[PDB]
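Below is one structure, written out as structure tokens; the observations come after it.
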Amino acid sequence: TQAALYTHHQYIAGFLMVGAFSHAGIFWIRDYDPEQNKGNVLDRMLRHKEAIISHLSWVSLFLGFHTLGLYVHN
Amino acid sequence: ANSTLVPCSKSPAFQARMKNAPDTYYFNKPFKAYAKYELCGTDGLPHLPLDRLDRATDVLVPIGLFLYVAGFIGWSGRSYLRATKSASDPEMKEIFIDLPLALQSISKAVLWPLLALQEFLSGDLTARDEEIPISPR
Amino acid sequence: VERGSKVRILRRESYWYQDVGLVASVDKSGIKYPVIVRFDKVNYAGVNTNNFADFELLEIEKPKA
Amino acid sequence: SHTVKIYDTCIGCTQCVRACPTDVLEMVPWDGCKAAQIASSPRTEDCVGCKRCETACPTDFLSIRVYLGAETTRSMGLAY
Amino acid sequence: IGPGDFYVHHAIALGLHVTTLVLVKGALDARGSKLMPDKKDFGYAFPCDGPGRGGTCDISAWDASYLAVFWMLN
Amino acid sequence: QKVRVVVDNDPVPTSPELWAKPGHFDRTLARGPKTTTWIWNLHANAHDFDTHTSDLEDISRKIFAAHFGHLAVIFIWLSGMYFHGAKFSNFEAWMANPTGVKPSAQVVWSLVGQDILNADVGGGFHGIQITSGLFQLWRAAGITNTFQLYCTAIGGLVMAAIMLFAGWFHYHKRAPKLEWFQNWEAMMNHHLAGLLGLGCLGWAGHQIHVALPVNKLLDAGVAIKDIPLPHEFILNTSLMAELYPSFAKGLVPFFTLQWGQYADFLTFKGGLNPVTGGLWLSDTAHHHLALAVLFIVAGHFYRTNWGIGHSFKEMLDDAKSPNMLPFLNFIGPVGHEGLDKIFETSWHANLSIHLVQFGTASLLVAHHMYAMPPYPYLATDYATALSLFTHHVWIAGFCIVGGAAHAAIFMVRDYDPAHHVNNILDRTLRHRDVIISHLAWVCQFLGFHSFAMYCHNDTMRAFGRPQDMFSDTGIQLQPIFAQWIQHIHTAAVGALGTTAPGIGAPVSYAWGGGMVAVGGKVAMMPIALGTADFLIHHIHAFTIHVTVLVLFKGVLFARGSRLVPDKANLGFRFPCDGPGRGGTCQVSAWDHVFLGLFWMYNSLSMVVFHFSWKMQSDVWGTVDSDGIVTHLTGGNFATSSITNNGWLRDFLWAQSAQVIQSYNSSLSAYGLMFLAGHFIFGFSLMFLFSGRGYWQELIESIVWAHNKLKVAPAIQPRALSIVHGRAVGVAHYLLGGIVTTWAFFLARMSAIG
Amino acid sequence: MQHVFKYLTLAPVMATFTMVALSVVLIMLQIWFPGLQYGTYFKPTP
Amino acid sequence: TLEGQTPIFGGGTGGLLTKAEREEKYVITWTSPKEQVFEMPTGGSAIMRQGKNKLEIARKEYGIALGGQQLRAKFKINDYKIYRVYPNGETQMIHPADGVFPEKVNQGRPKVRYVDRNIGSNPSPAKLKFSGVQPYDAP
Ligand code: CLA
Ligand code: CLA
Ligand code: CLA
Ligand code: CLA
Ligand code: CLA
Ligand code: CLA
Ligand code: CLA
Ligand SMILES: CC1=C(C/C=C(\C)CCC[C@H](C)CCC[C@H](C)CCCC(C)C)C(=O)c2ccccc2C1=O
Ligand code: SF4
Ligand code: SF4
């Protein structure tokens, strides 16, 4: 029961996390208009999206290279 | 102070591994080094803790050694790339290595930590945001 | 802008947005996009030339001589 | 049917019309470009949505755009 | 916890950061990118933009959520 | 007069200037790189000679010169095997004790603990146990010492240099005309009588004069040092007379057609040598001698220059209605007329046929070498026997897929509608919907009546209803036709009655007639077929038919279909024709090869799994003094292979114990490669499941970071093309899966074989 | 011969020389000093 | 009715289906200077006659591919026409629409589905919510 309950709620958590970002993307296309959000904190995020995505790529690359590299070394 | 980690020479589990090890080049010297310098867990294998004020050089030496080499490679590539931007056909200098240019870039990259510092201070390290290709928002 | 000028593209949807091109010719007629600009980097279609209007360009370096 | 739109950045190179496999596009007189012609899409009911016209368009960004819409027998390319 | 727990947490960190990278990149690029500057006019879920401009398979923001489910499951 | 040699003199200067011009062979690539796609395109089009130029004569010259280069590569590889078997092997120790020494010809250095891979293979030697069967091949050839292997290694390097010089000479100095390459009759005559015929005759001479006397002494038990060198059997005729009395009367019986007196060394026994478990070398000598005569006779079949012979064009023009059999006249009044145009101009069409027949030859090699083991101490070397069958099965599958691939290339590029007007090729294309629809149906019928019956078995077994299963103890499916063939072939030799009286022993003991044991291990015994064998054979029929369906749909629809009628104009290799018409992804003939590779892998994986489990379960094993055989897996196949839970548990889970527990042992490399194959398979899945649109957009952000630090490259980074991403995915998928099976097979056989 | 020298500066050729040289340096480091580990580099042999 | 004689063809499985009799059908007619072999749009080879020819095709793309990539490009035939034939017998000529090939500019052709702006000036979908207007159709 303990194993089933932990796995059940963790997997549901993963699906809910995916859905939160999925409907975030739907918001950008359907509901976001730059005129009413000009200059605010939501607009600033879109303005440096390249820095956000590239740095997320760097963290992913660093973790993947060294975690896998240390596993196969062992 | 961490108590579950003890010197490997004092670990009974590590000693059992030392005697059972094969008598080859790969085990005679390395076990002697591990016993004197490493800390071993209950399993008898060396463990690397980051909670000791002492043996801080054992952490900083490999970290600094890598960061210098990695920065050396990066600075060599960066300086070489910026040198070929002034050429008429920069793409051909990326599939054909310009050896005199590469040697100049490598020689300067020895002092890359100093070069990068003046590069950042003079504002020549980064390009301005509005002078960089970007996608529509 | 004029022939030989160095310009910065301001068209948002252009592949060369905020990039630098070289003016090849300017059309004197009343066409919508008379300025022809050539670029060192090709776009995703392999094309390195495009037509722009005056308000979509920023002069950053006058032509030589 | 699919929707094909032509924007004012067209240079009248007729490449999109030549690439269309179902004769959706044709070249019409115009005054907005040096070629004195612009692409038109009078027969979008025959458009399959292959986007060959977009591939042939040299302008940046595209002067011709295809927006896939409601699917019909001929827009799905069905011989049956 | 010991060294074995150290490596698996960093593997979990790799999974969290990559799944976030796929989702965030899809959300922030949902409105458009250099490859497709007018993505917002095509909606959240569309197949592609054809083989032109090098090919645009899995370019929609829906496809990023599609790809992120694989990483979320992993 | 018609057949003659015409060449050009110095057609291409020998200069290294073009070495510094990458992509010179292509007009687009010659301009230089602008994006990273240029680099990939340079390697992808490197050997596509028909896109370098439209001149057929120039293309053919490139084919001829490149083939010499590949021959040089093979000679270097062959020289390596002989040299490593002469310098870093235990070949001499193995020859003394073939049944107690594991062959080994690879020795690793000791730097990072990898010397643990130097296994204790016996004979006072430490190294990696090889499974290529080189030692058994060399012993059958009469090689007894490492010096002879060393000489062969030197000869291999010399032939490699000669091959390399020939390619340069026949491209840069004397390049034959197009008409030279179009001599079908001359080429067939020379390659039948001169290549196959004279090679068989030459090897028959080596077997008779060298291999037979040396191996006869070896099986008699005399030591290596006491066996005279092979040339002594030629000089000292008395030595050959003692072993074979017929050699005392010279060549007189051969020239007087009294060949029956040669029966002492040209035998017709069949069966296996009891001492070694391989085929009788005297049997193979008569086999190759008979082949030499048959091939040489076949080499006088085509008319070259003296009026005598047959013409290719006349046969093909005659094979049409109403000149065919009454029920074969449906091929139409044109028939094979016009097919000669294909062989005049299409290199791809010939490559398609030849790759297919190399698949056929390699499949026959795999099947006929385990049931009739031709080398001494090969059958009882279970690691080598499994490796040889598996290797040549995989080679055949790749060759067959290549045949279908270049068949589709011919259709797109070389096919001319004017040459094929109502002929058989035109008619085949005109009822391709008949062919594909029937093939699709039979694939569905085979899938339901082969695999879904396994699922029926799994459900019945889980229900606790074994009586309702398809098994020998439930609802039986006896392969009566295959069982009947085994009885006919066994009774043919005397073990529909005695139809081959001259054969003493059964042609193969797999069909019946008895068991052969060599070193306390089974060499070959009858392979009984039951319900489990009925089910698994129809699994092979299902997987093969589907693989045919994928490839043959691509070839028949390469020019176009009802969806995209102008696919030929789009080319052989293109990603799609846009999202229109509902979506036209993977319509190209190349994508059918890409999909067919997966189905070939699926088909062949079950073939080598069927071989591995059945041979371990019912053939291989140890024999005690009483003649009782205990098999490697103890007869699991009959009851466990009828469900894929049994395949999952008793084959994959159970037999992976060796590879999964190989850490801290000499087999640990197989354990590492077992995980390595699993990694590459999962790695390939992102190239197959994703698209380049996502990756190009991701590269945009990364490029922004490099632009921010003034370190962006001039050669603009691009995501792999749609086709390139598919090629990477299938390449890593097949590599990962095959390597995983390779480690799984070899680790187990190196431990229990 | 000048074309051969230009070919030797090709990216695949130079990369192969660089990787081979680095692998050689790393390989000899394993031969001369096997078993080097974090917390052990640049320390005398006991 | 449409005049012309069909090319020599022994039959095939890529021809017309129920859709031809139920919904619509297409016919391509042309004139050739000689009798010669061409490729059928759905596989196989056919022989076009000396005089005027008439071919029945399931889809309009078959006629455009045959007339464009084969008749004009290979056989230098430029007088081909494509008709749409309905089951009730109504026939309309659809290619070329006005007697001039679409790739050649012709006077009198109106601008259809033209947007008087660059593609980057399309309004965001948020401003057109619940209005039923797509951004590319916005004025
Ligand atoms: C009896 C004559 C003869 C022989 C033996 C061959 C043999 C061969 N030809 Mg060939 N050919 C011949 C006549 C002959 N040809 C004629 C008359 C023509 C013109 C119509 C051609 C046109 C032709 C083409 C167009 C091509 C070949 C190719 C090949 C090779 C096929 C690959 C193979 O099976 O590897 C066999 C592997 C071997 C190691 C065989 C040995 C190779 C050497 C060269 C044989 C030397 C034999 C010689 C008599 C010396 C014997 C010494 C000793 C035994 C006494 C093979 C070496 C193909 C190839 O790969 O070209 C390089 C190819 O593309 N041939
Ligand atoms: C006698 C055998 C033979 C010959 C002469 C050819 C010749 C040709 N083939 Mg072909 N082919 C063959 C067998 C053969 N093939 C087989 C058996 C298959 C089935 C797999 C194919 C499948 C095939 C396809 C699908 C295509 C060709 C194409 C071509 C043409 C271009 C060659 C090319 O792209 O360079 C090869 C260039 C490469 C970069 C390939 C090398 C990469 C390989 C896959 C790596 C393999 C991994 C390695 C073995 C193991 C791991 C290595 C390690 C480092 C990890 C050329 C006419 C292409 C074409 O356009 O034809 C007109 C094409 O699209 N062939
Ligand atoms: C409270 C939670 C919640 C709510 C209210 C919504 C609501 C919505 N989502 Mg959403 N979503 C959620 C959670 C939620 N989602 C989560 C957790 C994820 C991550 C997996 C997503 C991922 C997601 C995507 C990727 C998309 C949406 C879309 C949508 C909108 C249209 C729904 C649709 O496509 O028609 C109804 C859809 C279905 C009925 C789907 C069929 C069922 C799927 C295939 C599951 C397979 C069935 C499975 C075997 C058994 C499930 C149980 C069975 C009883 C059904 C709608 C506003 C779509 C949208 O707005 O388009 C622009 C869209 O593209 N969502
Ligand atoms: C085993 C399977 C597997 C593996 C290893 C990866 C690995 C990776 N994926 Mg991935 N992916 C997979 C399956 C897999 N994926 C599947 C099935 C999907 C669903 C379609 C995805 C979807 C997906 C998305 C959507 C994204 C990734 C991303 C990434 C990268 C982030 C992790 C990282 O940087 O680590 C470090 C890198 C690695 C661990 C890769 C292996 C490096 C090797 C081992 C180095 C060896 C070098 C050696 C000399 C090579 C030998 C020579 C050879 C060339 C012949 C990484 C390259 C993200 C990315 O690109 O972020 C930057 C990203 O956005 N993937
Ligand atoms: C020329 C050297 C160079 C330099 C200074 C950088 C610098 C950077 N890269 Mg980068 N990169 C390079 C080459 C280089 N790259 C190459 C060749 C590739 C293709 C494999 C990549 C692929 C790449 C990705 C996918 C990502 C970066 C990222 C980054 C940023 C942080 C992470 C990092 O250092 O990369 C770590 C290094 C790598 C990921 C691989 C580079 C290793 C290559 C093989 C070394 C090549 C050396 C070169 C041949 C030297 C020749 C010089 C000679 C002629 C004198 C940083 C701005 C990340 C980013 O945007 O962060 C914000 C990111 O996500 N890079
Ligand atoms: C029917 C052909 C045939 C057969 C059955 C054999 C059989 C044998 N050879 Mg042999 N050989 C042959 C032809 C053949 N040879 C030819 C043509 C040459 C070169 C001229 C040689 C050269 C040779 C050497 C040098 C050696 C052997 C050896 C052997 C033995 C080891 C087993 C083996 O090679 O695999 C058996 C192979 C097969 C079952 C299949 C391969 C046969 C060919 C490739 C199939 C051709 C048919 C094709 C698929 C259809 C063509 C299309 C059609 C329209 C015509 C065995 C007795 C070895 C030995 O001494 O053993 C003790 C050895 O050292 N052979
Ligand atoms: C295990 C996974 C799996 C399965 C079951 C299938 C099944 C099928 N593939 Mg397929 N495929 C797969 C993986 C799989 N594929 C993968 C990974 C690839 C990538 C390479 C492909 C690539 C591929 C191609 C390229 C082709 C196929 C084809 C086929 C069909 C072959 C005809 C057949 O067997 O009909 C019988 C059907 C089955 C055996 C499926 C299982 C049925 C179960 C066991 C019984 C169900 C009982 C009952 C009906 C259930 C109803 C209950 C109700 C409540 C639903 C069939 C639908 C071919 C095709 O369509 O030919 C006609 C074809 O051309 N596939
Ligand atoms: C991951 C991925 C990419 C991204 C992959 C790219 C851009 C290719 C990258 C190749 C690299 C640059 C080759 C070199 C990698 C080596 C591991 C580097 C060795 C470095 C030494 C120092 C060790 C695609 O472009 C793509 C396109 C279409 C379908 C699927 C995919 C896909 O899955
Ligand atoms: S291809 Fe583009 S630029 Fe050329 S005519 Fe068509 S829409 Fe205008
Ligand atoms: S292959 Fe890619 S670009 Fe082509 S139709 Fe399919 S998804 Fe779109």
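Each reported figure results from applying straightforward, stated rules to the coordinates on display, with no laboratory input. Neighbour counts run over all protein chains shown; Cβ positions are idealised from the backbone, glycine included.
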Among (1) under 11 Å from the mean Cα position of the chain (by Cα); (2) facing another protein chain (nearest Cβ under 7 Å); (3) under 30 Å from residue C:17 (Cα atoms); (4) not hydrophobic (A, V, I, L, M, F, W, C) - the single one residue D:42 does not satisfy: (3)
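For (1) at positive phi; (2) aliphatic (A, V, I, L, M); (3) over 32 Å from the mean Cα position of the chain (by Cα), each residue gets a yes or a no:
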{"site": "F:327", "(1), (2), (3)": "no, no, yes"}
{"site": "F:335", "(1), (2), (3)": "yes, no, yes"}
{"site": "F:342", "(1), (2), (3)": "no, yes, no"}
{"site": "F:345", "(1), (2), (3)": "no, no, no"}
{"site": "F:356", "(1), (2), (3)": "no, yes, no"}
{"site": "F:362", "(1), (2), (3)": "no, no, no"}
Matching residues, region C:36-56, being outside any loop (DSSP other than H, G, I, E, B), surrounded by 20 or more Cβ atoms within 10 Å (Cβ to Cβ) and away from chain H (no Cβ under 14 Å): C:37
Contacts under 9 angstrom Cβ, first residue in region E:48-74 being within 12 Å of ligand 3 (Cβ to nearest atom), partner of a type in the set (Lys, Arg) and in a helix (DSSP H, G or I), 6 or more apart: E:60/E:39; E:61/E:39; E:64/E:25
Selection count where residues are surrounded by 14 or more Cβ atoms within 10 Å (Cβ to Cβ), away from chain F (no Cβ under 14 Å) and among the hydroxyl-bearing types (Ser, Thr, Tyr), scope region H:1-40: 3
Sole residue being of a type in the set (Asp, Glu), within 13 Å of chain F (Cβ to nearest Cβ), over 30 Å from residue E:30 (Cα atoms) and surrounded by fewer than 13 Cβ atoms within 10 Å (Cβ to Cβ), chosen from B:54, B:98, B:89: B:89
Output for region E:18-45, where each listed residue is assigned to a loop (DSSP other than H, G, I, E, B), farther than 12 Å from residue A:21 by Cβ and more than 8 Å from chain F (Cβ to nearest Cβ): E:31, E:32, E:37, E:38, E:43, E:44, E:45
Any hit, region F:587-603, residues being within 14 Å of another protein chain (Cβ to nearest Cβ), outside any helix (DSSP H, G or I) and more than 17 Å from residue F:400 (Cβ to Cβ): yes
Subset tally (residues that are part of a loop (DSSP other than H, G, I, E, B), within 13 Å of chain F (Cβ to nearest Cβ) and under 11 Å from the mean Cα position of the chain (by Cα)) for region D:49-78: 3
Among (1) more than 30 Å from residue H:42 (Cα to Cα); (2) crowded, with 16+ Cβ neighbours inside 10 Å - the single one residue H:80 does not satisfy: (1)
Candidate set: region F:450-480, residues that are out of contact with any helix residue (DSSP H, G or I) (no Cβ under 6 Å at 6 or more places or on another chain), of a type outside the set (A, V, I, L, M, F, W, C) and over 27 Å from residue F:511 (Cα atoms); chosen: the one surrounded by the most Cβ atoms within 10 Å (Cβ to Cβ): F:457
Qualifying position, being touching a helix residue (DSSP H, G or I) at 6+ places or on another chain (Cβ under 7 Å) and assigned to a loop (DSSP other than H, G, I, E, B), among F:676, F:719: F:719
Region F:321-363: number of residues that are within 15 Å of ligand 6 (Cβ to nearest atom) and among the hydroxyl-bearing types (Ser, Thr, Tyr): 3
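This table checks each residue for (1) under 27 Å from residue F:619 (Cβ atoms); (2) surrounded by fewer than 22 Cβ atoms within 10 Å (Cβ to Cβ); (3) more than 16 Å from ligand 1 (Cβ to nearest atom); (4) within 14 Å of chain D (Cβ to nearest Cβ).
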{"site": "F:496", "(1), (2), (3), (4)": "yes, yes, yes, no"}
{"site": "F:522", "(1), (2), (3), (4)": "yes, no, yes, no"}
{"site": "F:528", "(1), (2), (3), (4)": "yes, yes, yes, no"}
{"site": "F:538", "(1), (2), (3), (4)": "yes, yes, yes, no"}
{"site": "F:547", "(1), (2), (3), (4)": "no, no, yes, no"}
{"site": "F:557", "(1), (2), (3), (4)": "no, no, yes, yes"}
{"site": "F:560", "(1), (2), (3), (4)": "no, no, yes, yes"}
Residue check for residue F:284: within 26 Å of residue F:493 (Cβ to Cβ), part of a helix (DSSP H, G or I), under 35 Å from the mean Cα position of the chain (by Cα) and away from ligand 10 (no atom under 16 Å from the Cβ): yes
Checklist (1) at the interface with another protein chain (Cβ under 7 Å from one of its Cβ atoms); (2) surrounded by fewer than 24 Cβ atoms within 10 Å (Cβ to Cβ) applied to residue D:2, failing item: (1)
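Every residue, every condition in (1) assigned to a helix (DSSP H, G or I); (2) of a type in the set (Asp, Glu); (3) farther than 22 Å from residue E:23 by Cβ, yes or no:
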residue: A:5; (1), (2), (3): yes, no, yes
residue: A:12; (1), (2), (3): yes, no, no
residue: A:21; (1), (2), (3): yes, no, no
residue: A:25; (1), (2), (3): yes, no, no
residue: A:36; (1), (2), (3): no, no, yes
residue: A:53; (1), (2), (3): yes, no, no
residue: A:57; (1), (2), (3): yes, no, no
residue: A:62; (1), (2), (3): yes, no, no
Within region F:290-372, helices (runs of 4 or more DSSP H) holding 1 or more residues that are within 30 Å of residue F:384 (Cα to Cα): F:347-371
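Per-residue answers, yes or no, for (1) away from chain G (no Cβ under 14 Å); (2) hydrophobic (A, V, I, L, M, F, W, C):
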| site | (1), (2) |
| --- | --- |
| B:32 | no, no |
| B:43 | yes, no |
| B:73 | no, yes |
| B:93 | no, no |
Residue under evaluation residue E:1, criteria (1) outside any helix (DSSP H, G or I); (2) within 11 Å of chain F (Cβ to nearest Cβ); (3) of a type in the set (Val, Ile, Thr), criterion not met: (2)
Which listed residue is in a helix (DSSP H, G or I), hydrophobic (A, V, I, L, M, F, W, C), more than 25 Å from the chain's Cα centre (by Cα) and within 14 Å of another protein chain (Cβ to nearest Cβ), from F:532, F:568: F:568
Residue match in region F:427-439 (condition: small (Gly, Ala, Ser) and within 14 Å of chain H (Cβ to nearest Cβ)): yes
Residue check, residue C:15 at the interface with another protein chain (Cβ under 9 Å from one of its Cβ atoms) and farther than 25 Å from residue F:717 by Cβ: no
Residue that is loosely packed, with under 12 Cβ neighbours inside 10 Å, within 12 Å of chain B (Cβ to nearest Cβ) and hydroxyl-bearing (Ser, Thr, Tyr), where the choices are G:9, G:18: G:18
Check on residue E:31, on the phi > 0 side of the Ramachandran plot and not small (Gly, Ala, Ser): no
Enumeration of residues in region H:75-101 that are over 11 Å from the mean Cα position of the chain (by Cα) and under 29 Å from residue D:10 (Cα atoms): H:78, H:98, H:99, H:100, H:101
Residue within region F:637-644 that is within 14 Å of chain E (Cβ to nearest Cβ), crowded, with 22+ Cβ neighbours inside 10 Å and part of a helix (DSSP H, G or I) present: no
Of the criteria (1) near ligand 2 (Cβ under 10 Å from one of its atoms); (2) acidic (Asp, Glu); (3) over 30 Å from the mean Cα position of the chain (by Cα), which one residue F:48 fails: (3)
